[PDB]
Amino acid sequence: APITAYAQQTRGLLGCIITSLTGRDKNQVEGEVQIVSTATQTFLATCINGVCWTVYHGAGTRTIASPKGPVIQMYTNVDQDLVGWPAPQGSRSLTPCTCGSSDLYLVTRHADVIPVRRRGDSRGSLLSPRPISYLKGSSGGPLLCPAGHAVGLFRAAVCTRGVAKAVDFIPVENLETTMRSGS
C-alpha cells in the first residue's frame, strides 16, 4: 500500500478481431488484471492464485486466445457468474484477503482505485458516487483490501438515475467454491 495502478493498451480493433478468430495471441502479458474483450463487449479479468477469473456475463463460455491457440476454461459457474482460465504466461497473481477488512478499493479499467465500504459480503457503498458509465467495462475487475488482496470481483452496479451509489461483487470465497465445485 498505497494501492496504485496504471493501464497499458496492447491491441486495437483489427488486431483484436483477427486474434479473436484465430484464437492465437502472441503478445507478452504483464500485470494482475487484463483488459479483456470479445467481439461485442470489453471488460476485465483478474488473476488470483494462478487463475485468470472473470465475469461469466462477459466471457460466457468462450475460450481465451493465447500464444498456443485458444485455451478452454478451467472453471465455469453460471450461477455464481464466474469463469476462469489458467492465468496467462507472464501475468502476476493477487492472493485472497486474509484479514476481513471492511474497507475495500475497487480498481477500474482506467486504472483508478475508488474506495467502497463493504456493506455485506457481496455489496459495498461507494464513498463518492460515480456515473454508471464510469464503471462500464470494469466488470471482472478486482475489489482489493488495504493490503492489495483480492476481496471480490466487480459484478454489477447498484445505481439510480444513472448514478452508482453501490456495487455488487463476487466474494473471493465463491471462487474457492467454484473450484471445489464440479464446474
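A residue's number is simply how far along the shown sequence it sits, counting from 1. Superpose the two forms; the largest set of C-alphas matching within 1.5 Å is the rigid core.
Visitor: If the other structures are each fit on the rigid core, which stretch ends up farther away in C-alpha terms in 4 other deposited structures of this protein, 51-59 or 29-37?
Guide: Higher root mean square deviation of C-alphas in 4 other deposited structures of this protein is shown by 29-37.
Visitor: Can you let me know which of the two, 159-167 or 16-24, has the higher average C-alpha B-factor in the entry?
Guide: Higher mean C-alpha B-factor: 159-167.
Visitor: Between 44-52 and 111-119, point out the one with the higher average CA B-factor as the PDB entry records it.
Guide: Looking at the recorded C-alpha B-factors, 111-119 comes out higher on average.
Visitor: How does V83 rank on Cα B-factor within its chain, lowest, middle or highest third?
Guide: Its C-alpha B-factor belongs to the lowest third of this chain's values.
Visitor: Could you place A150 in the lowest, middle or highest third of its chain by Cα temperature factor, using the values in the record?
Guide: It falls in the middle third of the chain.
Visitor: Using the B-factors in the PDB entry, rank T61's C-alpha atom against the chain and give the third, lowest, middle or highest.
Guide: Highest third of the chain for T61's C-alpha B-factor.
Visitor: By the recorded C-alpha temperature factor, relative to the other modelled residues in its chain, which third is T98 in?
Guide: Its C-alpha B-factor, which the entry lists for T98, ranks in the highest third among residues of this chain.
Visitor: Rank-wise, by C-alpha B-factor, drop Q34 into the lowest, middle or highest third of its chain.
Guide: Lowest third - that is where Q34 ends up once the chain's C-alpha B-factors are sorted.
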